[PDB]
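Scroll down for the structure; my scribbles are underneath it.
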Amino acid sequence: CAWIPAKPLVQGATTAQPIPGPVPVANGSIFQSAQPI
Amino acid sequence: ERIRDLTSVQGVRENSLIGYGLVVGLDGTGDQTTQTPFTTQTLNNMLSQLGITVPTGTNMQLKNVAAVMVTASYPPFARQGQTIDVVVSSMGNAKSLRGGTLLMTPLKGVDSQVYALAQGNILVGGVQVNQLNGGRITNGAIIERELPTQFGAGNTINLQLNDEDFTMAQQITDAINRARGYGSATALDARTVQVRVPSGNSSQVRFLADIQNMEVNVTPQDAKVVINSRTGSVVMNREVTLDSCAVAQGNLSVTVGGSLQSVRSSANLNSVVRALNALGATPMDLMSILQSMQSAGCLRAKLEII
Amino acid sequence: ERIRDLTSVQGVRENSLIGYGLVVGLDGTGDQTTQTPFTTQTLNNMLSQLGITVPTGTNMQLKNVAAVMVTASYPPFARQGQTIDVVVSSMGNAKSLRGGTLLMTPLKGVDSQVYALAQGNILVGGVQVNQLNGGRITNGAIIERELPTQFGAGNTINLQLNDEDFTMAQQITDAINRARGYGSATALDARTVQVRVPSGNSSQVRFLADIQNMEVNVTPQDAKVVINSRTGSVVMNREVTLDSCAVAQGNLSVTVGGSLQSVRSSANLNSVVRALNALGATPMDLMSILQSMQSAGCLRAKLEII
Amino acid sequence: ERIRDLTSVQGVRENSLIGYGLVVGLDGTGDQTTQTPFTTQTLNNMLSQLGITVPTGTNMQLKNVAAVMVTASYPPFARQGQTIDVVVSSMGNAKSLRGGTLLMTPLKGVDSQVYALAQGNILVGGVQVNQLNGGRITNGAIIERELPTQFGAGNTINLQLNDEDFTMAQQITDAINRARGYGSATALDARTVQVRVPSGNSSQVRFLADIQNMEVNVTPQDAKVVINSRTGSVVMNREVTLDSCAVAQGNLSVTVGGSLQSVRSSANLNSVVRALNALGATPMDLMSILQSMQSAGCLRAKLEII
């Protein structure tokens with residue numbers, strides 16, 4: 001039957017909430033790093 | 001030499017602002033809108049914002065406007081009401097920006113935030129022709145945002161040295177300690193000097209004002225030679241010394257008796273200059289001679305191509 | 001040097017106003033309406049507003065009008081009835097705006113609000129030809145809105161310094177304190193001086209009037225050199241000093257005996273100028289020489305390209 | 001300097017009036033009706049109003065009329081029967097308006113209300129050719145509406161200063177207080193002076209008449225330089241001072257020995273002018289020199305491009 005429970009192959013959330021990022025450091029520079037990986 | 005002339009404060013720093021704008025007037029010589037679609041699109045956006053909606057399908061072939069990029073230097077401790085100078089450079093195919101007017105371009109930092117608003121009249125120079133696609137506006141930009149700073153907080157201030165040097169840092173620290181109380185300054189590296197200052201913006205400002213005008217002697221930096229190779233320029237430091245050697249270069253020979261001219265050892269810059277001149281050659285030949293000499297020794301200095 | 005000449009008040013600030021308008025007359029030389037659709041559309045809008053409705057499908061090929069952008073500087077404390085000068089710049093392909101008339105253009109701020117109304121006659125200059133696509137109208141704009149201000153409220157006023165400097169701020173604070181009561185002023189940073197003033201618009205105005213004309217000596221700012229490279233201009237500060245070095249540049253040689261001219265150490269601007277002149281070169285060669293020298297040291301100043 | 005010459009009253013204000021009209025005569029040289037449809041349509045409207053109905057489908061190719069825009073300055077306290085001057089500017093492709101006649105054009109304000117009626121004869125000037133597409137009619141417009149005003153009501157009148165200045169406002173307030181009773185005037189900001197006057201139109205008029213002709217000395221305004229860059233004009237204030245510096249500009253050299261001319265420090269305008277003249281250059285070169293100097297310091301004034 002088509003009503004039997006099934007798990008789609010693309011499991012998990014299909015969405016990611018963006019991170020606001022790091023608060024600026026008052027070092028007097030407009031440029032702000034982003035935690036290099 | 002004053003401390004201000006060879007050192008910069010940790011908190012004092014400039015920033016770069018960039019923006020897009022349009023220049024009107026120009027007596028023609030503007031962008032060719034056929035080959036510069038962004039000019040017409042931006043003009044239409046401005047007209048729509050002002051209240052005029054031009055139909056999408058239209059000719060719009062104008063020659064009195066030019067799309068430009070405006071660059072500004074956000075100064076340290078910038079205040080909201082202050083004004084700064086801006087540089088306007090043509091973007092498309094505009095012939096000139098002689099008497100153009102920059103119209104309300106927002107100047108933003110690297111964070112995409114509007115930090116200034118630029119508007120005014122461009123000034124450009126009126127066989128060495130002047131650059132007619134780039135001009136400067138004095139006080140053309142008014143600041144809008146203020147960068148937060150830590151100045152006045154803490155008890156340590158870092159003086160940063162241009163062209164770092166251990167001897168230079170030691171001299172600066174010694175001068176600061178002699179002028180101020182004992183242990184007022186301490187060198188952290190070849191380029192940084194940490195100075196202890198009392199808490200408070202006013203006290204820190206007074207201390208920095210006293211320190212900046214202090215007179216410090218400059219010790220011999222280094223034996224350094226600069227060769228441009230693009231502008232045909234050669235510059236030698238006062239510390240450059242020449243070791244005895246023989247050099248042979250194409251078409252160069254002893255005045256008199258032939259090639260392989262001798263170069264006498266020279267300890268001071270005057271002797272080095274006199275020996276090199278005796279080894280008569282144009283600057284272009286001198287660059288090659290210096291490169292070969294440094295490769296073979298006989299040149300007690302470091303040479304760099306700029 | 002007066003405080004007004006090197007400092008600006010926190011509350012006093014200018015704003016930029018922009019607007020769109022039309023110029024009539026011109027004895028021809030106006031916009032080509034075929035290539036400038038917005039001109040005809042705006043003229044039709046004006047006619048319809050006045051009471052004339054031109055059919056949509058019509059030729060409307062006129063040459064006595066030109067679409068222009070008008071820019072104005074909203075002055076601080078602008079009053080409703082006051083007038084300001086405006087700059088009118090051609091927008092389309094108009095040849096000239098010699099004797100044109102600007103017709104009732106609304107000047108708006110960055111908030112899209114009408115802050116002035118501009119109308120009047122354009123004045124343009126009558127081989128260095130003048131700019132005939134850009135003119136100025138004196139008192140051509142009448143203000144309509146007044147910007148609210150906090151002036152007279154609070155007890156602290158911030159004086160902002162152009163070309164911030166710790167020594168300059170300290171000097172300003174010392175002068176203010178000496179002239180006025182003890183502790184009247186305090187430097188907050190290299191660019192801001194907070195002055196305590198009594199509450200009240202009249203009292204604040206009197207205090208500012210007294211402070212502005214105060215005479216303050218200007219300490220040595222910095223050893224700075226400006227190279228245009230676009231107008232062929234080189235300017236040196238009075239604090240510029242030259243270190244001993246040897247420079248070789250293309251086609252330049254000792255007067256007399258060849259290249260590699262010696263540059264004597266110079267402490268003052270007069271000595272620097274005399275040494276550089278002895279190193280005979282045109283300004284274009286001088287720019288390259290200065291760049292190479294600064295790269296190699298031998299130049300106790302910071303040089304910037306403008 | 002009189003108060004009237006540097007101050008304006010709050011209630012006294014001018015307004016702008018615009019209108020559309022037709023000019024007849026012209027000995028030809030009128031609008032090309034084929035390319036100016038609105039001219040023929042307006043002429044047909046006028047004929048129909050007068051009692052003549054031209055068929056819609058007709059040639060109507062006339063050359064003795066031109067569509068024009070008429071602009072007028074509604075003066076303060078305008079009376080119904082008074083007359084004002086108007087400016088008539090061609091709208092279409094008319095060649096000239098030499099001896100034309102403006103016919104009963106309604107002059108309206110920004111509210112779309114008819115404030116005047118303009119009719120009369122155009123006067124235009126009869127290698128610097130005059131503007132033949134724009135003329136002036138003296139007393140050509142008769143007012144129709146009167147703007148309500150609050151003058152005579154209340155007890156406070158605001159004097160508004162052109163080119164606001166704290167020192168200027170303080171001087172005006174001091175002069176008003178000295179001439180009139182104690183506390184008669186009080187400065188509210190750098191541009192506004194509130195004066196207490198007795199209730200009543202006659203009393204307020206007498207007070208304003210007494211105040212306007214009052215003599216007030218003008219303090220040093222500011223060190224300001226104006227560069228046109230469009231008309232090739234440079235103007236310097238009497239407060240401009242020049243700092244010692246060296247300037248090198250293309251093709252400029254010491255009279256005598258080469259480039260890099262020295263500029264002596266000058267405190268007064270005469271010294272500044274003499275030094276700049278010694279640094280011999282045309283106004284166009286002077287503009288670039290001044291820009292570079294101001295960028296590098298050495299110029300104790302603010303320079304603006306107009």
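Here, A, B, ... name the chains of the structure tokens in the order displayed, residue numbers run from 1 inside each chain, and ligands are numbered from 1 in the same displayed order.
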
task = Write out as a ChimeraX atom specification each polymer residue whose atoms come within 8 Å of range 46-60 of chain B, counting only C-alpha atoms; drop sequence neighbours fewer than 4 positions from it.
result = /B:33,40,42 /C:19-20,34-38,41-42,112

Please save C-alpha atoms of the selected residues as a CSV table (one decimal), in the first residue's frame.
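Below is the file out-v4.csv, written as the result:
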```csv
chain,number,residue,atom,x,y,z
B,33,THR,CA,25.1,54.0,-22.6
B,40,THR,CA,21.3,53.7,-17.8
B,42,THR,CA,21.2,53.3,-12.3
C,19,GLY,CA,16.4,66.9,-7.2
C,20,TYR,CA,15.3,66.6,-10.8
C,34,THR,CA,14.5,61.1,-29.2
C,35,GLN,CA,17.5,59.8,-27.1
C,36,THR,CA,16.2,61.3,-23.8
C,37,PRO,CA,12.7,59.9,-23.2
C,38,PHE,CA,12.6,61.1,-19.6
C,41,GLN,CA,7.8,62.4,-20.2
C,42,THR,CA,8.6,65.0,-17.4
C,112,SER,CA,13.0,61.2,0.1
```

message = So that I can see what lies close to range 186-201 of chain B, please list as a list in words the residues with an atom at most 8 Å from it, counting only C-alpha atoms and leaving out residues fewer than 3 positions away in the same chain.
response = residues 151, 152, 153, 154, 155, 156, 157, 158, 159, 160, 161, 162, 163, 164, 165, 166, 167, 168, 169, 170, 172, 173, 183, 204, 205 and 207 of chain B; 187, 188 and 189 of chain C

Keeping only C-alpha atoms, take the residues you just selected and write them out as an mmCIF file, in the first residue's frame.
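File again_4.cif, as written:
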```
data_model
loop_
_atom_site.group_PDB
_atom_site.id
_atom_site.type_symbol
_atom_site.label_atom_id
_atom_site.label_comp_id
_atom_site.auth_asym_id
_atom_site.auth_seq_id
_atom_site.Cartn_x
_atom_site.Cartn_y
_atom_site.Cartn_z
ATOM 1 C CA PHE B 151 40.616 54.242 23.428
ATOM 2 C CA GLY B 152 40.738 55.437 27.020
ATOM 3 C CA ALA B 153 40.074 51.936 28.374
ATOM 4 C CA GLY B 154 42.791 49.793 29.898
ATOM 5 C CA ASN B 155 46.232 50.896 31.022
ATOM 6 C CA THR B 156 48.498 49.860 28.117
ATOM 7 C CA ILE B 157 48.906 51.514 24.711
ATOM 8 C CA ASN B 158 50.876 49.928 21.865
ATOM 9 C CA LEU B 159 53.064 52.158 19.709
ATOM 10 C CA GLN B 160 53.633 50.521 16.319
ATOM 11 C CA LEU B 161 56.803 51.249 14.347
ATOM 12 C CA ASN B 162 57.018 51.512 10.578
ATOM 13 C CA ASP B 163 59.976 49.533 9.220
ATOM 14 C CA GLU B 164 60.385 47.549 12.426
ATOM 15 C CA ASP B 165 63.835 47.469 14.014
ATOM 16 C CA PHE B 166 65.089 46.147 17.342
ATOM 17 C CA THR B 167 67.435 49.115 17.741
ATOM 18 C CA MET B 168 64.641 51.539 16.832
ATOM 19 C CA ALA B 169 62.272 49.979 19.371
ATOM 20 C CA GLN B 170 64.972 50.048 22.051
ATOM 21 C CA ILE B 172 61.982 54.594 21.507
ATOM 22 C CA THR B 173 61.588 52.721 24.795
ATOM 23 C CA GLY B 183 59.438 51.744 33.501
ATOM 24 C CA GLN B 204 45.678 58.968 27.893
ATOM 25 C CA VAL B 205 45.328 61.862 25.441
ATOM 26 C CA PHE B 207 50.248 61.181 27.739
ATOM 27 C CA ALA C 187 40.040 65.938 25.300
ATOM 28 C CA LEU C 188 38.224 62.644 24.721
ATOM 29 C CA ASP C 189 40.394 61.395 21.840
#
```

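Within 6 Å of chain D, chain C contributes the residues residues 24, 25, 27, 59, 60, 61, 62, 63, 64, 81, 125, 130, 131, 201, 202, 205, 209, 226, 232, 233, 234, 235, 236, 237, 238, 277 and 283 of chain C, using only C-alpha atoms.
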
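Pairwise distance (CA of residue 23 in chain D, CA of residue 123 in chain D) equals 11.9 Å.
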
query = Near residue 77 in chain D, counting only C-alpha atoms, which residues have an atom at most 8 Å away, once you skip same-chain residues fewer than 6 positions from it, shown as JSON, numbers by chain?
reply = {"D": [12, 146, 147, 149]}

May I have the residues from that selection written out with C-alpha atoms, as a PDB file, in the first residue's frame?
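Final output, saved to selection.pdb:
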```
ATOM      1  CA  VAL D  12       9.197  87.964   5.252  1.00  0.00           C
ATOM      2  CA  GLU D 146      -2.749  87.342  -0.946  1.00  0.00           C
ATOM      3  CA  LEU D 147      -0.963  84.902   1.350  1.00  0.00           C
ATOM      4  CA  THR D 149       0.587  85.945   7.443  1.00  0.00           C
TER       5      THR D 149
END
```

inquiry  = When DSSP is applied to the backbone of this structure, which of range 175-281 of chain B are assigned strand (DSSP E)? Write them out as a PyMOL selection string.
reply    = chain B and resi 185-187+192-196+224-227+233-236+241-242+245-247+261-263

request  = Write out as a PyMOL selection string all residues of range 55-301 of chain D that backbone DSSP assigns to alpha helix (DSSP H).
outcome  = chain D and resi 166-179+201-212+269-278+283-296
